[PDB]
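Data first, discussion second: the structure below is written as structure tokens.
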Amino acid sequence: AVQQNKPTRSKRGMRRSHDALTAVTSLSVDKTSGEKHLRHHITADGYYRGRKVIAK
Amino acid sequence: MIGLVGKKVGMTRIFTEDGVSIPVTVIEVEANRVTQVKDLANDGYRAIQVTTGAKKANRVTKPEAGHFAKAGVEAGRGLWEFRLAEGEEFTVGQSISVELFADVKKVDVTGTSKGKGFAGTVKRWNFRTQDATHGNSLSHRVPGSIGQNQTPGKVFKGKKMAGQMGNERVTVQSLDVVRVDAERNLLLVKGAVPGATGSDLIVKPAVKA
Amino acid sequence: XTXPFXX
RNA sequence: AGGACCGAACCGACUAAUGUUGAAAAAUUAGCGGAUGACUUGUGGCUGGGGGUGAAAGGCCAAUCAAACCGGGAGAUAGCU
RNA sequence: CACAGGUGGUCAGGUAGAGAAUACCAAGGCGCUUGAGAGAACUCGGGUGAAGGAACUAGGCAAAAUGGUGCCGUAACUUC
RNA sequence: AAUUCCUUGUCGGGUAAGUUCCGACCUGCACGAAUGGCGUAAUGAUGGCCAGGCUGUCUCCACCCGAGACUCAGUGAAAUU
RNA sequence: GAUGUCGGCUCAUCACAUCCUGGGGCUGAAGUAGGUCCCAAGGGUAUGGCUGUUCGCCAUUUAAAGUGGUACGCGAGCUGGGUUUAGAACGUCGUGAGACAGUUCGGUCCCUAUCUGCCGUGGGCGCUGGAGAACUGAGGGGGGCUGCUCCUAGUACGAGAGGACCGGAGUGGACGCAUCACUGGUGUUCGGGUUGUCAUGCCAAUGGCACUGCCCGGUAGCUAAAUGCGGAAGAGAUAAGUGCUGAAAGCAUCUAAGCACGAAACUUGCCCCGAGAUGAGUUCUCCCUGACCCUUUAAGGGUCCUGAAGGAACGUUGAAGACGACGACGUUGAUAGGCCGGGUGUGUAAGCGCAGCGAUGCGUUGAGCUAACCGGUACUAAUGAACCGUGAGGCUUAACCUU
């Protein structure tokens, strides 16, 4: 139920070798508005594939 | 001898004149095109590589396209190999139809069984369920003991435990061949075979015999 | 103190 | 009429499951007993430690009871760890 | 502890109901101070179940079952 | 026998099969008459036993509805060493 | 300054002094059926009544209901009936407090897994240019049970009664794997009936809540009780055992030379995993054919140009799935939803008309509605890109090109 010995800082680091985050490979660029956005997501200004989706 | 690659269409029944219903699995066996022939001199063993079906042209990688181009056959949905029994000769580009099973009368069907995901010991290994009442505390379907005391001091390899069940290669042997329809490219075998509808099946003549 | 731990 | 009957409030706590570093230093859920009486409850009062009270279990006397708690004798004594 | 506990009195709507039980509502007050997904084992709280029906188990534990009103009818025994 | 060691006493009942139960027998290890003996209707969340009904208790588990478990974001313990 | 105990449950694993099945010698072995010993551990090896029991007795099965080791296996897996706290009685002992290995009724079983181990599933790097596939099989697991009936044959055997070996066929029990066509379960996402109440202004018609309110059916999926299949045959080398030829030892002798048989054990045959098999294997296919500088001049570093095969990511998703992973698809498109048609299920909607005082009935009408299913359909979403991955791939030696 509980440890018999204190795990080392080395063991702690090994377990965390899979905890690293992965950055987005790249951001798509709207053809009309020109700003960058997550692929398949609307831009901050309400554009998507240069169609000017609702922006209110 | 060599077998064939088919697709599981489904299950139905065949009514005979003597009032007997035969449960049959319908297998679609399209023409199998030989894509490569292996011999002792070059590969160290005798076998034939076959392909069946069709694949999207845009979804065939160049390394695969070159392999099909050398054999001069259209790309299929996969590649499978069959060993030759020291008396069979095949040529690259040859087409093998379902007529191969015209007088076989018994075949072995291999496929990928349905995937049950993570399964408990009761389902996976038919472990007996413990008491549902009479004081049982949170131990209704648990495995129970998994070993002995200090002497071994370990759990033995191969212990039956919960884990992945299904979604693996399975072979059913000695299935009667009910009907062979060359025109419709159909093969009816009595009984059920591994896998779900639309999955790939490998049909070979019965080895036991 | 009551038989089995800790009844 | 009834320490009468069935049954809510109210007062109890027979069984099971859960919980057991709990929501809770004894509770929750589903059942269960009494329910005009030797009943239950608010407020205030009285009984003080070898003493109290006890339809009596060594029960209870501020989460502590085969002798409460706090301070003092006190740095008791410990041929034992 | 912003804790499923404890805490005396007063007020007592509608339909059904014997009822302050219970169900659904009024006046009124709340959704309980982490959410979003997934839909494995296993645990918890529940629903249903072929054929059998206590073979379970220390033990019918648990669960299932009975359940209301009117009429008819009602044994041994008894301190009547 | 809430008492009987030998003991699952012997016989009968109940069961296909009964160390329990019920009725007798009396060899009462070690009952016995107000630390009462033997009966006793009613009563009992009391002990033992047998039936009908009932069922996932079981043969033997299957499916389903929810809360966790699992993944993401925020916050962020514990025993042990 | 704690190593939890009898029995049960769950899950086991090994030994062989073998219970069954298999192979043999002897027999006071006619046959059937037995006795005894040898070889053999592959698999298999009861349910109930009573009792806390292990055990035992009893009932009824089975080819058999083996004997032991594993902390008298297994409570950080369950149970708590027994034993062994505090309550209370009986018998008994004691003046008494109390006591008994006498009985009797009652009586809290905690722990979120760090490490080893085990069952599953991934990431990293390696395998010497990179990449997509198909394989070889070193090695490792799984599986290995058996009854009954019929034929041979009422033959061999036997005075009769009784009754075979060998061989062949059929059909079962238990167990295992797969599957959902059939028979069924489930189906709180489908339809309908119905009680109470509230609401939609009201009627009519619907909805909320009451365990899905209570119920009757039921699609897909999952699933067993449902229906398919499996254990093998064969081969190699043997065990006990039986032999042939044959000396030592003129004979005899299964053995010393040589040679032939011989079992569910052994090695294969069957099924699955499997090149991290660092001993990192084999086969097929695909991709890259720039220009300079520096210097401690080498498997060296840097700049510019270039970015392939392929991969990954993202999106729509799956009879794949805890998460990763795996599979399908992304407009040159049926991947998912919607939509269209069909099927299935429920069982004649609503509205209107007619009959009746009315509850209701009847016609329109097998109507309406209908989830996961089937066949179709770009209506919606799956965006052009970007990102990763490079630019011919070391040395030595040999044979070849230039046998």
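Residues are referred to by chain and number: the chain letter is A, B, ... according to the order shown in the structure tokens, the number counts from 1 in that chain, and ligands are numbered separately from 1 in the order shown.
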Please list as a PyMOL selection string every residue within 7 Å of stretch 5-20 of chain E, counting only C-alpha atoms (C1' of nucleotides) and excluding residues in the same chain fewer than 2 positions away. (chain D and resi 24+42) or (chain E and resi 26) or (chain G and resi 196-197)
Neighbours of chain C in chain G at 12 Å, counting only C-alpha atoms (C1' of nucleotides), as a ChimeraX atom specification: /G:2,4-5,75,80,83-86,107-110
Compile the contact shell of residue D:17 as a count of residues only: residues with an atom at most 12 Å away, counting only C-alpha atoms (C1' of nucleotides), same-chain residues fewer than 4 positions apart removed. 15
Determine which residues of stretch 7-165 of chain B receive a DSSP assignment of alpha helix (DSSP H), computed from the backbone, and state them as a ChimeraX atom specification. /B:40-43,62-71,121-125
For stretch 6-122 of chain G against stretch 9-31 of chain A, with a cut-off of 12 Å and counting only C-alpha atoms (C1' of nucleotides), what is the closest atom pair and its distance in Å to one decimal for every residue that makes the cut, ordered by chain and number, as CSV?
residue,atom,partner,partner_atom,distance
G:114,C1',A:11,CA,10.6
G:115,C1',A:11,CA,11.5
G:122,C1',A:18,CA,10.9
Can I get the selected residues back with N, CA, C and O atoms (P, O5', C5', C4', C3', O3' and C1' of nucleotides), as a PDB file, in the first residue's frame?
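The resulting file, again_12.pdb, is shown below:
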ATOM      1  P     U G 114       2.077   2.932  -7.111  1.00  0.00           P
ATOM      2  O5'   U G 114       3.381   3.316  -6.284  1.00  0.00           O
ATOM      3  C5'   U G 114       4.357   4.201  -6.811  1.00  0.00           C
ATOM      4  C4'   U G 114       5.726   3.874  -6.276  1.00  0.00           C
ATOM      5  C3'   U G 114       6.317   2.554  -6.751  1.00  0.00           C
ATOM      6  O3'   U G 114       6.953   2.662  -8.011  1.00  0.00           O
ATOM      7  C1'   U G 114       6.500   2.694  -4.401  1.00  0.00           C
ATOM      8  P     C G 115       6.996   1.409  -9.013  1.00  0.00           P
ATOM      9  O5'   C G 115       7.959   0.373  -8.287  1.00  0.00           O
ATOM     10  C5'   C G 115       9.323   0.685  -8.052  1.00  0.00           C
ATOM     11  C4'   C G 115      10.032  -0.445  -7.353  1.00  0.00           C
ATOM     12  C3'   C G 115       9.853  -1.822  -7.968  1.00  0.00           C
ATOM     13  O3'   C G 115      10.693  -2.048  -9.085  1.00  0.00           O
ATOM     14  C1'   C G 115       9.507  -1.959  -5.643  1.00  0.00           C
ATOM     15  P     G G 122      -0.779  -1.394 -28.505  1.00  0.00           P
ATOM     16  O5'   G G 122      -0.352   0.033 -27.950  1.00  0.00           O
ATOM     17  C5'   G G 122       0.819   0.688 -28.412  1.00  0.00           C
ATOM     18  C4'   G G 122       1.123   1.896 -27.563  1.00  0.00           C
ATOM     19  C3'   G G 122       2.438   2.602 -27.843  1.00  0.00           C
ATOM     20  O3'   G G 122       2.361   3.493 -28.942  1.00  0.00           O
ATOM     21  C1'   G G 122       2.213   2.258 -25.520  1.00  0.00           C
TER      22        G G 122
END
Can you work out which residues from chain F touch chain A at a cut-off of 9 Å (counting only C-alpha atoms (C1' of nucleotides)) and hand them back as a PyMOL selection string? chain F and resi 79-81
Saved selection, atoms kept: C-alpha atoms (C1' of nucleotides), as a PDB file, in the first residue's frame:
ATOM      1  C1'   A F  79       0.275   6.769   5.586  1.00  0.00           C
ATOM      2  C1'   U F  80       5.543   5.164   4.613  1.00  0.00           C
ATOM      3  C1'   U F  81      10.778   6.160   3.650  1.00  0.00           C
TER       4        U F  81
END
Taking only C-alpha atoms (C1' of nucleotides) into account, which residues of chain G are within 9 Å of chain B, as a PyMOL selection string? chain G and resi 9-13+70-71+73-74+77-79+116-121+131-136+141+177-182+227-230+232-233+270-272+282-286+309-310+319-322+332
Do you have the atom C1' of residue G:376-atom CA of residue B:180 distance handy? 29.4 Å
As an NGL selection string, please: every residue in stretch 1-104 of chain B that DSSP puts in strand (DSSP E). :B and (4-15 or 21-28 or 32-38 or 47-51 or 80-83 or 95-96)
Contacts of residue A:40 within 10 Å, only C-alpha atoms (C1' of nucleotides), excl. fewer than 6 positions in-chain, as a count of residues only: 7
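Taking atom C1' of residue G:287 and atom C1' of residue G:130 as the two end points, the separation is 7.8 Å.
A straight line drawn from atom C1' of residue G:290 to atom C1' of residue G:306 is 7.2 Å long.
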Residue contacts of residue F:29 (8 Å, only C-alpha atoms (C1' of nucleotides)) excluding same-chain residues fewer than 3 positions away, as an MDAnalysis selection string: chainID F and resid 4:6
Can you check which parts of chain E lie within 8 Å of chain B? Per residue, the shortest pair of atoms and distance in Å to one decimal, counting only C-alpha atoms (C1' of nucleotides), sorted by chain and number, as JSON lines.
{"residue": "E:40", "atom": "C1'", "partner": "B:118", "partner_atom": "CA", "distance": 5.0}
{"residue": "E:41", "atom": "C1'", "partner": "B:120", "partner_atom": "CA", "distance": 5.2}
{"residue": "E:42", "atom": "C1'", "partner": "B:142", "partner_atom": "CA", "distance": 7.1}
{"residue": "E:43", "atom": "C1'", "partner": "B:138", "partner_atom": "CA", "distance": 6.2}
{"residue": "E:57", "atom": "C1'", "partner": "B:134", "partner_atom": "CA", "distance": 7.3}
{"residue": "E:61", "atom": "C1'", "partner": "B:134", "partner_atom": "CA", "distance": 5.0}
{"residue": "E:62", "atom": "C1'", "partner": "B:133", "partner_atom": "CA", "distance": 5.8}
Export, as a PDB file, in the first residue's frame, the selected residues with N, CA and C atoms (P, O5', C5', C4', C3', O3' and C1' of nucleotides).
ATOM      1  P     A E  40     -17.703   0.618 -23.410  1.00  0.00           P
ATOM      2  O5'   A E  40     -16.366   0.825 -22.570  1.00  0.00           O
ATOM      3  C5'   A E  40     -16.208   0.242 -21.287  1.00  0.00           C
ATOM      4  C4'   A E  40     -15.094  -0.773 -21.284  1.00  0.00           C
ATOM      5  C3'   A E  40     -14.934  -1.582 -20.009  1.00  0.00           C
ATOM      6  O3'   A E  40     -15.839  -2.669 -19.928  1.00  0.00           O
ATOM      7  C1'   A E  40     -12.831  -0.756 -20.672  1.00  0.00           C
ATOM      8  P     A E  41     -16.583  -3.004 -18.546  1.00  0.00           P
ATOM      9  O5'   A E  41     -15.496  -3.813 -17.711  1.00  0.00           O
ATOM     10  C5'   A E  41     -14.884  -4.977 -18.245  1.00  0.00           C
ATOM     11  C4'   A E  41     -13.633  -5.334 -17.487  1.00  0.00           C
ATOM     12  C3'   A E  41     -13.811  -5.578 -15.997  1.00  0.00           C
ATOM     13  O3'   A E  41     -14.250  -6.894 -15.709  1.00  0.00           O
ATOM     14  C1'   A E  41     -11.973  -4.131 -16.350  1.00  0.00           C
ATOM     15  P     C E  42     -15.575  -7.138 -14.836  1.00  0.00           P
ATOM     16  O5'   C E  42     -15.236  -6.483 -13.426  1.00  0.00           O
ATOM     17  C5'   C E  42     -14.185  -6.988 -12.617  1.00  0.00           C
ATOM     18  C4'   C E  42     -13.794  -6.000 -11.549  1.00  0.00           C
ATOM     19  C3'   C E  42     -14.933  -5.454 -10.702  1.00  0.00           C
ATOM     20  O3'   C E  42     -15.321  -6.329  -9.658  1.00  0.00           O
ATOM     21  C1'   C E  42     -13.596  -3.665 -11.445  1.00  0.00           C
ATOM     22  P     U E  43     -16.830  -6.313  -9.110  1.00  0.00           P
ATOM     23  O5'   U E  43     -16.906  -4.984  -8.240  1.00  0.00           O
ATOM     24  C5'   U E  43     -16.086  -4.819  -7.095  1.00  0.00           C
ATOM     25  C4'   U E  43     -16.241  -3.445  -6.496  1.00  0.00           C
ATOM     26  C3'   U E  43     -17.663  -2.984  -6.230  1.00  0.00           C
ATOM     27  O3'   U E  43     -18.219  -3.529  -5.047  1.00  0.00           O
ATOM     28  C1'   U E  43     -16.481  -1.258  -7.306  1.00  0.00           C
ATOM     29  P     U E  57     -22.702 -23.697  -0.785  1.00  0.00           P
ATOM     30  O5'   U E  57     -22.840 -22.890   0.578  1.00  0.00           O
ATOM     31  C5'   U E  57     -22.393 -21.548   0.680  1.00  0.00           C
ATOM     32  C4'   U E  57     -23.040 -20.838   1.842  1.00  0.00           C
ATOM     33  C3'   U E  57     -22.949 -21.544   3.185  1.00  0.00           C
ATOM     34  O3'   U E  57     -21.706 -21.344   3.835  1.00  0.00           O
ATOM     35  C1'   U E  57     -25.172 -20.845   2.822  1.00  0.00           C
ATOM     36  P     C E  61     -32.559 -15.362   6.411  1.00  0.00           P
ATOM     37  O5'   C E  61     -31.416 -14.312   6.061  1.00  0.00           O
ATOM     38  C5'   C E  61     -30.762 -13.574   7.081  1.00  0.00           C
ATOM     39  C4'   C E  61     -29.509 -12.922   6.558  1.00  0.00           C
ATOM     40  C3'   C E  61     -29.716 -11.843   5.504  1.00  0.00           C
ATOM     41  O3'   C E  61     -30.019 -10.576   6.063  1.00  0.00           O
ATOM     42  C1'   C E  61     -28.063 -13.357   4.761  1.00  0.00           C
ATOM     43  P     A E  62     -31.370  -9.804   5.661  1.00  0.00           P
ATOM     44  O5'   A E  62     -31.150  -9.388   4.141  1.00  0.00           O
ATOM     45  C5'   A E  62     -30.126  -8.481   3.762  1.00  0.00           C
ATOM     46  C4'   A E  62     -29.751  -8.658   2.312  1.00  0.00           C
ATOM     47  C3'   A E  62     -30.877  -8.457   1.306  1.00  0.00           C
ATOM     48  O3'   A E  62     -31.083  -7.097   0.967  1.00  0.00           O
ATOM     49  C1'   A E  62     -29.779 -10.492   0.849  1.00  0.00           C
TER      50        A E  62
END
Spatial neighbours of stretch 31-33 of chain F, 12 Å, only C-alpha atoms (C1' of nucleotides), chain gap at least 6 places, as an NGL selection string: (:F and (1 or 3-4)) or (:G and (90-91))
For the interface of chain F with chain B (cut-off 9 Å, counting only C-alpha atoms (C1' of nucleotides)), please tabulate each contacting residue of chain F alongside its nearest pair of atoms and their separation in Å to one decimal, rows sorted by chain and increasing number, as a tab-separated table.
residue	atom	partner	partner_atom	distance
F:56	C1'	B:132	CA	9.0
F:57	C1'	B:133	CA	7.3
F:60	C1'	B:128	CA	8.7
F:61	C1'	B:129	CA	8.2
Would you give me, as a tab-separated table, each residue of chain G having an atom within 6 Å of an atom of chain A, along with its shortest atom pair and that distance in Å to one decimal, using only C-alpha atoms (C1' of nucleotides) and sorting by chain and residue number?
residue	atom	partner	partner_atom	distance
G:113	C1'	A:1	CA	4.7
G:114	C1'	A:3	CA	4.1
G:386	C1'	A:26	CA	5.8
G:387	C1'	A:25	CA	5.4
Expected file contents, prior selection, N, CA and C atoms (P, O5', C5', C4', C3', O3' and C1' of nucleotides), as a PDB file, in the first residue's frame:
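Once written, result_20.pdb looks like this:
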ATOM      1  P     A G 113      -3.708   2.112  -5.400  1.00  0.00           P
ATOM      2  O5'   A G 113      -2.467   1.645  -4.522  1.00  0.00           O
ATOM      3  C5'   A G 113      -1.382   2.527  -4.259  1.00  0.00           C
ATOM      4  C4'   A G 113      -0.058   1.874  -4.563  1.00  0.00           C
ATOM      5  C3'   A G 113       0.152   1.501  -6.027  1.00  0.00           C
ATOM      6  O3'   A G 113       1.532   1.619  -6.366  1.00  0.00           O
ATOM      7  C1'   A G 113       0.200  -0.455  -4.702  1.00  0.00           C
ATOM      8  P     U G 114       2.077   2.932  -7.111  1.00  0.00           P
ATOM      9  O5'   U G 114       3.381   3.316  -6.284  1.00  0.00           O
ATOM     10  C5'   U G 114       4.357   4.201  -6.811  1.00  0.00           C
ATOM     11  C4'   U G 114       5.726   3.874  -6.276  1.00  0.00           C
ATOM     12  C3'   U G 114       6.317   2.554  -6.751  1.00  0.00           C
ATOM     13  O3'   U G 114       6.953   2.662  -8.011  1.00  0.00           O
ATOM     14  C1'   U G 114       6.500   2.694  -4.401  1.00  0.00           C
ATOM     15  P     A G 386       3.377  24.644 -48.289  1.00  0.00           P
ATOM     16  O5'   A G 386       3.530  24.752 -46.707  1.00  0.00           O
ATOM     17  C5'   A G 386       3.589  26.014 -46.060  1.00  0.00           C
ATOM     18  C4'   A G 386       3.359  25.883 -44.577  1.00  0.00           C
ATOM     19  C3'   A G 386       4.319  24.968 -43.831  1.00  0.00           C
ATOM     20  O3'   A G 386       5.546  25.597 -43.504  1.00  0.00           O
ATOM     21  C1'   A G 386       2.106  24.435 -43.219  1.00  0.00           C
ATOM     22  P     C G 387       6.916  24.761 -43.548  1.00  0.00           P
ATOM     23  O5'   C G 387       6.739  23.667 -42.404  1.00  0.00           O
ATOM     24  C5'   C G 387       6.644  24.046 -41.040  1.00  0.00           C
ATOM     25  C4'   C G 387       6.464  22.848 -40.143  1.00  0.00           C
ATOM     26  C3'   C G 387       7.500  21.743 -40.288  1.00  0.00           C
ATOM     27  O3'   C G 387       8.698  22.012 -39.580  1.00  0.00           O
ATOM     28  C1'   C G 387       5.335  20.798 -40.277  1.00  0.00           C
TER      29        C G 387
END
Report as a VMD selection string all protein, DNA and RNA residues lying within 10 Å of stretch 53-55 of chain G, evaluated on only C-alpha atoms (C1' of nucleotides), omitting residues in the same chain fewer than 6 positions from it. (chain E and resid 58) or (chain G and resid 6 to 8 81 to 82)
For the residues in the current selection, export C-alpha atoms (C1' of nucleotides) as a PDB file, in the first residue's frame.
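And here is the file that came out, result-v4.pdb:
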ATOM      1  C1'   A E  58     -23.020 -21.735   9.482  1.00  0.00           C
TER       2        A E  58
ATOM      3  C1'   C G   6      -9.704 -23.857  11.912  1.00  0.00           C
ATOM      4  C1'   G G   7     -13.251 -24.510   7.867  1.00  0.00           C
ATOM      5  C1'   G G   8     -15.529 -22.548   3.493  1.00  0.00           C
ATOM      6  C1'   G G  81     -19.790 -20.563  11.079  1.00  0.00           C
ATOM      7  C1'   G G  82     -15.415 -22.673  14.732  1.00  0.00           C
TER       8        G G  82
END
